[PDB]
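Notes follow once the structure below has been shown.
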Amino acid sequence: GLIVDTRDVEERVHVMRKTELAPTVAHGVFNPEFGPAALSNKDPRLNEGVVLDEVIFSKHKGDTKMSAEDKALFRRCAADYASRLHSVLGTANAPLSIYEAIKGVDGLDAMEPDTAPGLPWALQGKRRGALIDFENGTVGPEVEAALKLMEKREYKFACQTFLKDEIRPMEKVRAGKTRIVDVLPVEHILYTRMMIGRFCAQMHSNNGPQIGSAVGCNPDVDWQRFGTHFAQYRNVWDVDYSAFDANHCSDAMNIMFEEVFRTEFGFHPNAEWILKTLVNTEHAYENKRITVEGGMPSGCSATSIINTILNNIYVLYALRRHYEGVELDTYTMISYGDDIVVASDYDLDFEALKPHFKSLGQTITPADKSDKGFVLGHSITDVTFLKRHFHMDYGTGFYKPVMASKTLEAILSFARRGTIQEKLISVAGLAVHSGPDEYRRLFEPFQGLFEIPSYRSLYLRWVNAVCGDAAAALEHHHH
C-alpha cells in the first residue's frame, strides 16, 4: 500500500504488550532458531536502528497504478474467475441475519466472544460482550447505530494495529519484523460477515482445484484429493510472494470486488461497498494515525478468502499478459491466501511471468529458492503447501500432509501458559504424518507430564478420515 498521510493525535491507542508465550520442556531439547516476536521497542533482542512502528509499516512501499489496458485485462480475468466460482457454488449469496453472522452457519465459524473489539471501543474500556450478546446472537444500541450507518454507506472507521504474539525465525525477530493484526471494529466484522458470510461458507464447503481455493480444507482428508489431482500434470510450480497482502493494489482490489460480488450473483449491493472500505484505511498505532491506500488489512474478516481470490485472478492475468489463448483449463491451481500451487501440461515459463506479476505490484520467486529461478519438470511430491509436503503413505497409498521436523520442533518449543495439553493434542495431529519414529522423538520430552496420543490411534483416525471405504475394507478379512 501507499502511505498517503501520517499524523499525531491526542488519543493514544496502546500497542506494546508482554508475550503470553513461554518456552516448553521441548525448547531445551530442540533449541530452535525461533522465538517470540518483539512486542516492545525496549526488547533487548532487537537490532540497532530498529524502530518497531517503522518496520511494521515498511512493507507499504506504494500502490501500483495499473495501465488502462492492464486494468481491462484484469477485469476480464476477474469476471472469468468469478464465472467459474459462482457456477460451482451457485448464487445463494444473500445477507446473513444478525443472529447467523454472530453464531455462524454450516461452513462458517461463530464470532469470537472475547477478542479485541476495535476502535473506539478499546479506548472506552468496552469489551465485545458489552456491545454484542454472543449467546443470544443479538446486538446493543451502539452496534445497531453503526449498522445503520453501514446500510446507508455513511460508516467510517479506523483500524487498530495489534502486534501478533507468535513465534518467528530469530533473524526476523531481531530485525523487528513483528507481524500485525489490523483489528477492525467488531460491528464492521459483523456487517462484513452479514454481507459475504454465506459466500464464504460455500467457498469453504467446496474447496478444491475447481475453484482454486484450499480455504476451509482439512489437510488430513484433502491431501489425497489435491495430490491425486496435481499428480496428473506434467509441470507443477509452487510460488512465493513477498508481502502479498500489503502489495494488493487498489485497482486490483476494486476490480475484483466489482466483478466477484455483483448483485447478479445474489449479493446485496453493500457487499461490494463494505469490501471497498478495506482499500483506503486509517491505522491507529499509539498517537499516530497512518492512512494507507491499497493493500489488504491483515488478519481481518474474510482476509484468507479475499487473498485466495486475488491469487487465482493474478495467475490468469499473468499468463494472459504473456501468452495468447490462455483460459482457465490451460492450467490448474489451488491457493490459500498467498500460498499457491500451480500445474499445467504446457511448459509455462514462470520465470518470464515475473514482470507480469510486477505490473500488479507483486514479486514472485520460486519456493525452492534455486539459482536462475523457475524451472519445468517439478511434481506434486516436490512442492510445499500450507507448510506441508505431499508424501505417499506406505500403509495405504494415500497422500498425507508431512511437515518438516524443524517446523514441528519450533511449534512444540513454545506455548501459551495453561494451553500446553490442548496444543500437544493439536500438534500430534500434524506430527503423525512424519511416521512413528519421528512422532515418538518429537513428543519424548512431554511423556509423563502430559497425555500424548498414541501414534496408532491418530493413524487409524486419519485412515478413516481420508477414506472410510478403505477403513471398512481393512476389516473384511479375519486375522
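Ordering of the C-alpha cells sets the chain letters (A, B, ...), residue numbers begin anew at 1 in every chain, and ligands are numbered from 1 in the order given.
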
Closest-contact table, stretch 180-212 of chain A side, partner stretch 98-104 of chain A, 8 Å, counting only C-alpha atoms, as a tab-separated table:
residue	atom	partner	partner_atom	distance
A:190	CA	A:101	CA	6.2
A:191	CA	A:101	CA	7.8
A:193	CA	A:101	CA	5.6
A:194	CA	A:101	CA	5.4
A:197	CA	A:101	CA	7.1

Next, the residues of the selection above should be written as a PDB file, in the first residue's frame with N, CA, C and O atoms.
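File part.pdb, as written:
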ATOM      1  N   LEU A 190     -18.844  -7.865  11.836  1.00  0.00           N
ATOM      2  CA  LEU A 190     -20.219  -8.361  11.833  1.00  0.00           C
ATOM      3  C   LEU A 190     -20.908  -8.097  10.495  1.00  0.00           C
ATOM      4  O   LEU A 190     -21.480  -9.009   9.900  1.00  0.00           O
ATOM      5  N   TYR A 191     -20.847  -6.855  10.021  1.00  0.00           N
ATOM      6  CA  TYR A 191     -21.524  -6.480   8.777  1.00  0.00           C
ATOM      7  C   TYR A 191     -20.885  -7.137   7.554  1.00  0.00           C
ATOM      8  O   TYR A 191     -21.583  -7.508   6.611  1.00  0.00           O
ATOM      9  N   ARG A 193     -19.450 -10.085   7.600  1.00  0.00           N
ATOM     10  CA  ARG A 193     -19.989 -11.442   7.684  1.00  0.00           C
ATOM     11  C   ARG A 193     -21.445 -11.498   7.218  1.00  0.00           C
ATOM     12  O   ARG A 193     -21.848 -12.448   6.553  1.00  0.00           O
ATOM     13  N   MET A 194     -22.230 -10.479   7.559  1.00  0.00           N
ATOM     14  CA  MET A 194     -23.600 -10.387   7.059  1.00  0.00           C
ATOM     15  C   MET A 194     -23.624 -10.309   5.533  1.00  0.00           C
ATOM     16  O   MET A 194     -24.407 -11.002   4.894  1.00  0.00           O
ATOM     17  N   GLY A 197     -20.792 -13.613   4.291  1.00  0.00           N
ATOM     18  CA  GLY A 197     -20.578 -14.821   5.092  1.00  0.00           C
ATOM     19  C   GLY A 197     -21.129 -16.083   4.453  1.00  0.00           C
ATOM     20  O   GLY A 197     -20.527 -17.154   4.556  1.00  0.00           O
TER      21      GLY A 197
END

Pick out the residues sitting within 10 Å of residue A:42, and hand them over as an NGL selection string; count only C-alpha atoms, and ignore anything fewer than 3 positions along from it in its own chain. :A and (16 or 38-39 or 45-46 or 51-52)

Separation of atom CA of residue A:422 from atom CA of residue A:387 in Å: 21.0 Å

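Comparing the minimum interatomic distances between residue A:396 and each of A:173, A:92, A:467, A:442, counting only C-alpha atoms, we find that A:467 sits nearest.
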
Give me the stretch 3-49 of chain A side of the contact with stretch 445-449 of chain A, cut-off 10 Å, one line per residue showing its nearest atom pair and distance in Å at one decimal, counting only C-alpha atoms, sorted by chain and residue number, as JSON lines.
{"residue": "A:24", "atom": "CA", "partner": "A:446", "partner_atom": "CA", "distance": 9.0}
{"residue": "A:25", "atom": "CA", "partner": "A:445", "partner_atom": "CA", "distance": 6.2}
{"residue": "A:26", "atom": "CA", "partner": "A:445", "partner_atom": "CA", "distance": 5.6}
{"residue": "A:27", "atom": "CA", "partner": "A:445", "partner_atom": "CA", "distance": 9.2}
{"residue": "A:28", "atom": "CA", "partner": "A:445", "partner_atom": "CA", "distance": 9.3}
{"residue": "A:29", "atom": "CA", "partner": "A:445", "partner_atom": "CA", "distance": 7.6}
{"residue": "A:30", "atom": "CA", "partner": "A:445", "partner_atom": "CA", "distance": 9.7}

Could you list, as an MDAnalysis selection string, every residue within 9 Å of residue A:144, counting only C-alpha atoms and ignoring same-chain residues fewer than 5 positions away? chainID A and resid 139 149 187

Atom CA of residue A:454 to atom CA of residue A:167: how many Å, to one decimal? 26.8 Å

Residues at most 12 Å from residue A:403, counting only C-alpha atoms, excluding those fewer than 2 positions away in the same chain, as a ChimeraX atom specification? /A:219-220,383-391,400-401,405-411,427-435,438-439

DSSP on the backbone: what in stretch 135-300 of chain A comes out strand (DSSP E or B), as a VMD selection string? chain A and resid 138 to 139 159 to 163 167 to 169 180 to 183 208 213 235 to 241 280 to 293

Could you build a table of the residues in stretch 52-94 of chain A lying no more than 12 Å from stretch 286-298 of chain A, giving for each the nearest pair of atoms and their separation in Å rounded to one decimal place, using only C-alpha atoms, ordered by chain and ascending residue number, as a tab-separated table?
residue	atom	partner	partner_atom	distance
A:52	CA	A:286	CA	11.8
A:53	CA	A:286	CA	9.3
A:54	CA	A:290	CA	11.1
A:56	CA	A:298	CA	11.6
A:57	CA	A:290	CA	9.1
A:58	CA	A:292	CA	11.8
A:59	CA	A:295	CA	9.9
A:60	CA	A:292	CA	7.9
A:61	CA	A:292	CA	10.2
A:62	CA	A:294	CA	8.2
A:63	CA	A:294	CA	5.7
A:64	CA	A:294	CA	8.5
A:65	CA	A:294	CA	9.9

Can I get the selection written as a CSV table (one decimal), in the first residue's frame, with N, CA, C and O atoms?
chain,number,residue,atom,x,y,z
A,52,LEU,N,10.2,-0.1,16.0
A,52,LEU,CA,9.2,-1.1,15.7
A,52,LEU,C,8.0,-0.7,14.8
A,52,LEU,O,7.7,-1.4,13.9
A,53,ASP,N,7.5,0.5,15.1
A,53,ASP,CA,6.4,1.1,14.3
A,53,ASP,C,6.8,1.3,12.8
A,53,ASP,O,6.0,1.2,11.9
A,54,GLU,N,8.1,1.7,12.6
A,54,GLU,CA,8.6,1.9,11.3
A,54,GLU,C,8.8,0.7,10.5
A,54,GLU,O,8.6,0.6,9.3
A,56,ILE,N,7.2,-2.3,11.0
A,56,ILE,CA,5.9,-2.9,10.7
A,56,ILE,C,5.1,-2.2,9.6
A,56,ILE,O,4.3,-2.9,8.9
A,57,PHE,N,5.4,-1.0,9.3
A,57,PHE,CA,4.8,-0.2,8.2
A,57,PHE,C,5.7,-0.1,7.0
A,57,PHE,O,5.4,0.6,6.0
A,58,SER,N,6.9,-0.7,7.1
A,58,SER,CA,7.9,-0.6,6.0
A,58,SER,C,7.5,-1.4,4.8
A,58,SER,O,8.0,-1.2,3.7
A,59,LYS,N,6.6,-2.4,4.9
A,59,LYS,CA,6.0,-3.2,3.8
A,59,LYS,C,5.2,-2.3,2.8
A,59,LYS,O,5.0,-2.7,1.7
A,60,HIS,N,4.7,-1.2,3.3
A,60,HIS,CA,3.9,-0.3,2.4
A,60,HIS,C,4.8,0.6,1.6
A,60,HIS,O,5.2,1.7,2.0
A,61,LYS,N,5.2,0.2,0.4
A,61,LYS,CA,6.1,0.9,-0.5
A,61,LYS,C,5.4,1.2,-1.8
A,61,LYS,O,6.1,1.2,-2.8
A,62,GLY,N,4.2,1.6,-1.7
A,62,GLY,CA,3.4,2.2,-2.9
A,62,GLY,C,2.2,1.4,-3.3
A,62,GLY,O,2.0,0.2,-2.9
A,63,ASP,N,1.4,2.0,-4.1
A,63,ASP,CA,0.2,1.4,-4.6
A,63,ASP,C,0.3,1.4,-6.1
A,63,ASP,O,0.1,2.5,-6.7
A,64,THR,N,0.6,0.3,-6.7
A,64,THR,CA,0.8,0.2,-8.1
A,64,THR,C,-0.4,0.6,-9.0
A,64,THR,O,-1.4,-0.1,-8.9
A,65,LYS,N,-0.4,1.6,-9.7
A,65,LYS,CA,-1.4,2.0,-10.6
A,65,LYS,C,-1.3,1.4,-12.0
A,65,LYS,O,-0.3,1.7,-12.7

So that I can check the secondary structure, give me every residue of stretch 12-239 of chain A assigned alpha helix (DSSP H) by backbone DSSP, as a ChimeraX atom specification. /A:25-30,52-56,68-89,98-103,128-131,141-151,170-174,186-205,219-230

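Separating atom CA of residue A:198 from atom CA of residue A:304 is a distance of 15.1 Å.
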
Out of A:324, A:282, A:451, A:444, which residue has the shortest atom-to-atom distance to residue A:426 when counting only C-alpha atoms? A:451

Would you kindly return, as a CSV table (one decimal) with N, CA, C and O atoms, in the first residue's frame, each protein, DNA or RNA residue with an atom no farther than 7 Å from any atom of residue A:260, considering only C-alpha atoms and excluding same-chain residues fewer than 3 positions away?
chain,number,residue,atom,x,y,z
A,78,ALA,N,-10.9,-11.3,-13.7
A,78,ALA,CA,-11.7,-11.4,-12.5
A,78,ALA,C,-13.1,-11.9,-12.8
A,78,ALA,O,-13.6,-12.7,-12.1
A,79,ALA,N,-13.7,-11.4,-13.9
A,79,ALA,CA,-15.0,-11.9,-14.4
A,79,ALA,C,-15.0,-13.4,-14.8
A,79,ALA,O,-16.0,-14.1,-14.5
A,82,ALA,N,-14.7,-15.3,-11.5
A,82,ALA,CA,-16.0,-15.2,-10.9
A,82,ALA,C,-17.0,-16.1,-11.5
A,82,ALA,O,-17.8,-16.7,-10.8
A,256,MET,N,-11.7,-6.6,-8.5
A,256,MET,CA,-12.0,-7.9,-8.0
A,256,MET,C,-13.4,-7.8,-7.3
A,256,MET,O,-14.3,-8.6,-7.6
A,257,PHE,N,-13.5,-6.8,-6.4
A,257,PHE,CA,-14.7,-6.7,-5.6
A,257,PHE,C,-15.9,-6.4,-6.5
A,257,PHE,O,-17.0,-6.9,-6.3

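The smallest atom-to-atom distance between residue A:281 and any of A:425, A:311, A:182, A:261, using only C-alpha atoms, is found for A:182.
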
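Remark: for residue A:424, the closest of the candidate residues A:366, A:453, A:395, A:436 is A:453 (distances computed over only C-alpha atoms).
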
Need to verify the contact set: stretch 335-338 of chain A, 12 Å, only C-alpha atoms, exclusion of same-chain residues closer than 5 positions in sequence. Can you return it as a CSV table (one decimal) with N, CA, C and O atoms, in the first residue's frame?
chain,number,residue,atom,x,y,z
A,203,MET,N,-17.7,-21.2,-0.2
A,203,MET,CA,-16.3,-21.3,-0.6
A,203,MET,C,-15.6,-22.5,0.2
A,203,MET,O,-14.9,-23.3,-0.3
A,204,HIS,N,-15.8,-22.4,1.6
A,204,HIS,CA,-15.2,-23.4,2.5
A,204,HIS,C,-15.7,-24.8,2.1
A,204,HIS,O,-14.8,-25.8,2.0
A,207,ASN,N,-14.2,-26.3,-1.3
A,207,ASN,CA,-12.7,-26.1,-1.5
A,207,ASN,C,-12.1,-27.2,-2.5
A,207,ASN,O,-12.5,-28.3,-2.5
A,208,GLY,N,-11.2,-26.7,-3.3
A,208,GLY,CA,-10.5,-27.6,-4.3
A,208,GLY,C,-10.0,-26.9,-5.5
A,208,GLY,O,-10.1,-25.7,-5.6
A,209,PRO,N,-9.3,-27.6,-6.4
A,209,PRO,CA,-8.7,-27.0,-7.6
A,209,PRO,C,-9.7,-26.4,-8.6
A,209,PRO,O,-9.4,-25.5,-9.3
A,210,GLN,N,-11.0,-26.9,-8.6
A,210,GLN,CA,-12.0,-26.4,-9.5
A,210,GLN,C,-12.3,-24.9,-9.2
A,210,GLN,O,-12.4,-24.1,-10.2
A,211,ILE,N,-12.3,-24.5,-7.9
A,211,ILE,CA,-12.4,-23.1,-7.6
A,211,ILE,C,-11.1,-22.5,-7.2
A,211,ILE,O,-11.0,-21.3,-6.8
A,212,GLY,N,-10.0,-23.3,-7.2
A,212,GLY,CA,-8.7,-22.8,-6.9
A,212,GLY,C,-8.4,-22.3,-5.5
A,212,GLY,O,-7.5,-21.5,-5.3
A,213,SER,N,-9.2,-22.9,-4.5
A,213,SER,CA,-9.1,-22.4,-3.1
A,213,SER,C,-9.0,-23.6,-2.2
A,213,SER,O,-9.8,-24.6,-2.3
A,214,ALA,N,-8.1,-23.5,-1.3
A,214,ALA,CA,-8.0,-24.5,-0.2
A,214,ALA,C,-8.5,-24.0,1.1
A,214,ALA,O,-8.3,-24.7,2.2
A,215,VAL,N,-9.1,-22.8,1.1
A,215,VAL,CA,-9.6,-22.3,2.4
A,215,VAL,C,-10.8,-23.1,2.9
A,215,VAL,O,-11.7,-23.5,2.1
A,216,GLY,N,-10.7,-23.5,4.2
A,216,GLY,CA,-11.7,-24.4,4.8
A,216,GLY,C,-11.4,-25.9,4.5
A,216,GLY,O,-12.2,-26.7,4.9
A,217,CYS,N,-10.3,-26.2,3.9
A,217,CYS,CA,-9.9,-27.6,3.7
A,217,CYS,C,-9.4,-28.2,5.0
A,217,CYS,O,-9.1,-27.6,6.0
A,219,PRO,N,-6.4,-30.7,5.7
A,219,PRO,CA,-5.3,-31.4,5.1
A,219,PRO,C,-5.3,-32.9,5.2
A,219,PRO,O,-4.9,-33.6,4.3
A,226,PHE,N,-6.1,-33.5,-3.4
A,226,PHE,CA,-5.3,-32.5,-4.0
A,226,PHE,C,-4.1,-33.2,-4.7
A,226,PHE,O,-3.8,-32.9,-5.9
A,238,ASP,N,5.4,-24.3,-7.2
A,238,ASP,CA,4.9,-23.6,-6.0
A,238,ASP,C,5.7,-22.2,-5.9
A,238,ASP,O,6.9,-22.2,-6.1
A,239,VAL,N,4.9,-21.2,-5.7
A,239,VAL,CA,5.3,-19.8,-5.9
A,239,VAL,C,5.3,-19.1,-4.5
A,239,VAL,O,4.4,-19.3,-3.8
A,240,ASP,N,6.3,-18.3,-4.3
A,240,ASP,CA,6.4,-17.5,-3.1
A,240,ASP,C,6.2,-16.0,-3.5
A,240,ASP,O,6.8,-15.5,-4.5
A,241,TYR,N,5.4,-15.3,-2.7
A,241,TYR,CA,5.3,-13.8,-2.8
A,241,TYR,C,6.0,-13.1,-1.7
A,241,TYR,O,6.3,-13.8,-0.6
A,242,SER,N,6.3,-11.9,-1.8
A,242,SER,CA,6.9,-11.0,-0.8
A,242,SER,C,5.8,-10.0,-0.4
A,242,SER,O,5.5,-9.1,-1.2
A,243,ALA,N,5.3,-10.0,0.8
A,243,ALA,CA,4.3,-9.1,1.3
A,243,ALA,C,3.1,-9.1,0.4
A,243,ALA,O,2.7,-8.0,-0.1
A,244,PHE,N,2.5,-10.3,0.2
A,244,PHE,CA,1.3,-10.5,-0.7
A,244,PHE,C,0.2,-9.6,-0.3
A,244,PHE,O,-0.3,-8.8,-1.2
A,245,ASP,N,-0.2,-9.6,0.9
A,245,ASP,CA,-1.3,-8.8,1.4
A,245,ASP,C,-1.1,-7.3,1.3
A,245,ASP,O,-2.1,-6.6,0.8
A,246,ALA,N,0.0,-6.8,1.6
A,246,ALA,CA,0.3,-5.4,1.5
A,246,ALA,C,0.4,-4.8,0.1
A,246,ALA,O,0.1,-3.7,-0.1
A,247,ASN,N,0.8,-5.7,-0.8
A,247,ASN,CA,1.0,-5.2,-2.2
A,247,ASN,C,-0.1,-5.4,-3.2
A,247,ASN,O,0.0,-5.2,-4.4
A,248,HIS,N,-1.3,-5.8,-2.7
A,248,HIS,CA,-2.5,-5.8,-3.5
A,248,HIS,C,-2.8,-4.3,-3.8
A,248,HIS,O,-3.1,-3.5,-2.9
A,296,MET,N,-4.4,-5.2,1.5
A,296,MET,CA,-5.4,-5.8,2.3
A,296,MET,C,-5.0,-5.7,3.8
A,296,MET,O,-3.9,-6.1,4.1
A,298,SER,N,-4.4,-6.9,7.3
A,298,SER,CA,-4.0,-8.3,7.7
A,298,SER,C,-4.8,-8.9,8.9
A,298,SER,O,-5.1,-8.2,9.9
A,299,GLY,N,-5.3,-10.1,8.7
A,299,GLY,CA,-6.0,-10.8,9.8
A,299,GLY,C,-7.4,-10.4,10.0
A,299,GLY,O,-7.9,-10.6,11.1
A,302,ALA,N,-12.6,-12.3,6.4
A,302,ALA,CA,-12.5,-12.8,5.0
A,302,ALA,C,-11.2,-12.6,4.4
A,302,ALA,O,-11.1,-12.6,3.1
A,303,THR,N,-10.1,-12.3,5.2
A,303,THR,CA,-8.8,-12.0,4.6
A,303,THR,C,-8.2,-13.1,3.8
A,303,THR,O,-7.7,-12.9,2.7
A,304,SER,N,-8.4,-14.4,4.3
A,304,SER,CA,-7.9,-15.6,3.5
A,304,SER,C,-8.7,-15.8,2.2
A,304,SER,O,-8.1,-16.1,1.2
A,305,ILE,N,-10.0,-15.6,2.3
A,305,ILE,CA,-10.8,-15.8,1.1
A,305,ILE,C,-10.5,-14.7,0.1
A,305,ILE,O,-10.3,-15.0,-1.1
A,306,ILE,N,-10.4,-13.5,0.5
A,306,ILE,CA,-10.1,-12.4,-0.4
A,306,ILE,C,-8.7,-12.5,-1.1
A,306,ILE,O,-8.6,-12.4,-2.3
A,307,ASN,N,-7.7,-12.9,-0.2
A,307,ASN,CA,-6.3,-13.1,-0.7
A,307,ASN,C,-6.3,-14.3,-1.7
A,307,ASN,O,-5.6,-14.2,-2.7
A,308,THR,N,-7.1,-15.3,-1.4
A,308,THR,CA,-7.1,-16.5,-2.3
A,308,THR,C,-7.7,-16.2,-3.6
A,308,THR,O,-7.2,-16.6,-4.7
A,309,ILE,N,-8.8,-15.4,-3.6
A,309,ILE,CA,-9.5,-15.0,-4.9
A,309,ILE,C,-8.5,-14.2,-5.7
A,309,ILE,O,-8.4,-14.5,-6.9
A,310,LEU,N,-7.9,-13.2,-5.1
A,310,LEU,CA,-6.9,-12.4,-5.9
A,310,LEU,C,-5.8,-13.2,-6.5
A,310,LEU,O,-5.3,-13.0,-7.6
A,311,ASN,N,-5.3,-14.2,-5.7
A,311,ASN,CA,-4.2,-15.1,-6.2
A,311,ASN,C,-4.6,-15.8,-7.5
A,311,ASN,O,-3.9,-15.9,-8.4
A,312,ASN,N,-5.9,-16.4,-7.5
A,312,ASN,CA,-6.4,-17.0,-8.7
A,312,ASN,C,-6.4,-16.1,-9.9
A,312,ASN,O,-6.1,-16.5,-11.0
A,313,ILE,N,-6.9,-14.8,-9.7
A,313,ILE,CA,-7.0,-13.9,-10.7
A,313,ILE,C,-5.6,-13.5,-11.2
A,313,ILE,O,-5.4,-13.3,-12.4
A,314,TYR,N,-4.7,-13.3,-10.3
A,314,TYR,CA,-3.3,-12.9,-10.7
A,314,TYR,C,-2.6,-13.9,-11.6
A,314,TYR,O,-2.0,-13.5,-12.6
A,315,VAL,N,-2.9,-15.2,-11.4
A,315,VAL,CA,-2.3,-16.2,-12.3
A,315,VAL,C,-2.9,-16.2,-13.7
A,315,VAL,O,-2.1,-16.2,-14.7
A,343,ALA,N,-0.2,-25.9,-11.7
A,343,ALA,CA,0.2,-27.0,-12.6
A,343,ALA,C,-0.4,-26.9,-14.0
A,343,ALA,O,-1.4,-26.2,-14.2
A,362,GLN,N,3.3,-7.1,-7.5
A,362,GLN,CA,3.7,-8.4,-6.7
A,362,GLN,C,5.0,-8.9,-7.2
A,362,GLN,O,5.3,-8.9,-8.4
A,363,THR,N,5.8,-9.5,-6.3
A,363,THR,CA,7.1,-10.0,-6.6
A,363,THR,C,7.1,-11.5,-6.3
A,363,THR,O,7.0,-12.0,-5.2
A,364,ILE,N,7.2,-12.3,-7.4
A,364,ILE,CA,7.2,-13.8,-7.3
A,364,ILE,C,8.6,-14.4,-7.4
A,364,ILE,O,9.4,-13.9,-8.2
A,367,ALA,N,9.7,-21.2,-4.7
A,367,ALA,CA,9.7,-21.6,-3.3
A,367,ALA,C,11.0,-22.4,-2.9
A,367,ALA,O,11.4,-22.4,-1.8
A,384,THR,N,5.7,-27.5,-1.6
A,384,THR,CA,5.2,-27.3,-0.2
A,384,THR,C,3.9,-26.5,-0.4
A,384,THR,O,3.8,-25.6,-1.2
A,385,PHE,N,2.9,-26.8,0.5
A,385,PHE,CA,1.7,-26.0,0.5
A,385,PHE,C,1.1,-26.1,2.0
A,385,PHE,O,1.0,-27.1,2.5
A,386,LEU,N,0.9,-24.9,2.5
A,386,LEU,CA,0.5,-24.8,3.9
A,386,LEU,C,1.5,-25.4,4.9
A,386,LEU,O,1.2,-26.0,5.9
A,387,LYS,N,2.8,-25.2,4.5
A,387,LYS,CA,3.9,-25.8,5.3
A,387,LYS,C,3.9,-27.3,5.3
A,387,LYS,O,4.5,-27.9,6.2

Can you tell me, as a ChimeraX atom specification, what residues are no more than 9 Å from residue A:321 when counting only C-alpha atoms, ignoring any on the same chain fewer than 6 positions away? /A:70,73,353,356

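With only C-alpha atoms as the atoms that count, the residue of A:225, A:479, A:456, A:320 with the shortest distance to residue A:74 is A:320.
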